[PDB]
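Residue-level structure breakdown
The residues making up each chain are set out below.
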Amino acid sequence: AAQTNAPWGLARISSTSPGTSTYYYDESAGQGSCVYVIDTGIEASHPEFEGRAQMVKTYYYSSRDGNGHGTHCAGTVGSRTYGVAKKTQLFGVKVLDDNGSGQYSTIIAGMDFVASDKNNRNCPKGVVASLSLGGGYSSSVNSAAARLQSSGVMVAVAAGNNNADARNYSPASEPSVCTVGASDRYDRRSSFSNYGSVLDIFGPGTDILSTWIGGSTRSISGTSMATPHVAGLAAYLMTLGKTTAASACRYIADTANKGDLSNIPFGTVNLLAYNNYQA
């Protein structure tokens, strides 16, 4: 399948070169997979989600996304126009308030929630969790992310936006999950992207168009935007049967575009997520 005039990041993940604008992908499109977006919520009524998104859990007075961040990330996972895996099922877990903040205890509870809640959902092709959040190092936060991964969920987490080594941030620094840095449309490391040996992969993160609250769209930047590209890619590849939740991060690294990014610090992987789809 070909989506013309796609957002640059979608075109990038199906291309061996920057500078194109068509997204190519297998029509299975993540059908039968599920992606949890652990964030500020998801505006499931957005026409871009086509009835495939739903809120399943909140820790606050509403499950609605009063911020936009979670809706944007969910759109990059799975919206019809802005999403990588256009037929996946999206499940929202609201661990962040409408200012975008959340206590680590709530975030940990949300991760353990997903590890159990997947047993209440139909995801025959597999389960992914996208975590566009983080703060300073916490062994308890890292352990929660490790449990979620161990339970059979492909966990993708943002590296962070400090232009610093991600070893000092959580859940970015958890070795067993997939830690995602951000790149721009010219294949440069995004100016804000964290780096370091704990990163597994880069995805598009600068000037990413996606869904927003109020039935709208906007372009924003962050490792929060790169993470759902990788989460959606994992769901897509699992639906194709090419990998599993336990092996998808390694598979994405195995099959990435290699050595094509600029300003990658010595010791950080130079790997850009790529779907290897041959039309």
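Residues numbered from 1 in each chain as written, not as in the entry; some residues may be left out. Heavy atoms only, no water. Residues with missing side-chain atoms left out of burial classes, pairs and counts.

This deposited entry lists X-ray crystallography as its structure determination method and 1.03 Å as its resolution.

Right, let's get into the overall build of the chain. Of the regular secondary structure elements, the chain holds 6 helices and 15 strands. With respect to the principal axes defined by its C-alpha atoms, the chain has extents near 45 × 40 × 35 Å. Counted over contacts in the chain with a minimum sequence separation of 6, partners at least 24 positions apart contribute 72%. (Helix = DSSP H or I, 4+ residues; strand = E, 2+ residues; numbered from the N terminus. Contact = heavy atoms within 4.5 Å.)

Okay, the packing of helix α2 (residues 69-78) against helix α5 (residues 223-239) next. At their nearest, the axes of α2 and α5 sit 7 Å apart, and the two run at 35 degrees to each other. Here the hand of the crossing between α2 and α5 comes out right-handed. Between α2 and α5, the contacting residues are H69, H72, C73, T76 and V77 on the first element and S224, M225, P228, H229, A231 and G232 on the second. Residue classes in the contact of α2 with α5 are distributed as 5 nonpolar, 6 polar and no charged. (Axes fitted to C-alpha atoms, helices over the stretch in contact; angles between N-to-C directions. Left-handed = near helix turned anticlockwise from the far one by under 90°. Nonpolar A, V, L, I, M, F, W, Y, C, P; charged D, E, K, R; others polar.)

A few words on the UniProt feature "disulfide bond" in the chain. Inspection of the UniProt-annotated bridge between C34 and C123 gives a sulfur distance of 2.0 Å, within the under-2.5 Å criterion for a formed disulfide. Taken together, the residues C34 in strand β3 (residues 33-39) and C123 in the loop between α3 (104-117) and β6 (126-131) connect sequence positions 89 residues apart. Like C123, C34 is buried. For the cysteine pair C178 and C249, annotated in UniProt as disulfide-linked, the sulfur atoms lie 2.1 Å apart, within bonding distance in this model. In this pair, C178 sits in strand β10 (residues 178-183) while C249 sits in helix α6 (residues 248-254), placing the two residues 71 residues apart along the sequence. On the accessibility criterion, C249 (17% relative accessible area) is buried. (Disulfide = S-S within 2.5 Å. UniProt positions renumbered as here; feature names shortened; annotations may be inferred. Buried < 20%, exposed > 50% of the residue type's maximum accessible area, 1.4 Å probe, protein only.)

Position of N194 among the secondary structure elements: in the loop between β10 and β11 (201-204). For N194, a relative accessible area of 0% gives the class buried. In this structure the side chain of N194 is engaged in a polar contact, spanning 2.9 Å, whose partner is the backbone oxygen of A159. For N194, the side chain forms a polar contact with the main-chain nitrogen of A164, separated by 2.9 Å. Once residues within four sequence positions are removed from consideration, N194 is found in contact with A159, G160, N161, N162, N163, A164, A166, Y169 and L199. (Polar contact = N/O pair within 3.5 Å; in protein donor to acceptor, adjacent residues only side chain to side chain.)

Now for the UniProt feature "binding site: Ca(2+) 2" in the chain. Per the UniProt annotation, the sites labelled "binding site: Ca(2+) 2" are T16 and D260. These annotated residues cover 245 residues of sequence, but their C-alpha atoms sit close together, with the largest distance between any two at 9.3 Å. Among the secondary structure elements, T16 is positioned in the loop between α1 (8-13) and β2 (23-24). Not counting chain neighbours up to four residues away, the residues in contact with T16 comprise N257 and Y274. Mapped onto the fold, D260 is located in the loop between β14 (257-258) and β15 (271-272).

Nonpolar side chains in soluble globular proteins tend to end up buried together. Membership of the largest hydrophobic core comes to 44 residues, with the highest contact counts inside it found for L90, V128, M154, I201, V230 and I252. Mapped by element, the contributors of at least two residues to this core are α1, β3, α2, β8 (153-158), β10, α5 and α6. Ignoring sequence-local partners within four residues, the contact set of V128 consists of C34, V35, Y36, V153, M154, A231, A234, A235 and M238. By size, the runner-up hydrophobic cluster in this structure holds 27 residues, among which are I107, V114, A145 and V153. (Core = buried A, V, L, I, M, F, W, Y, C linked by side-chain atoms within 4.5 Å.)

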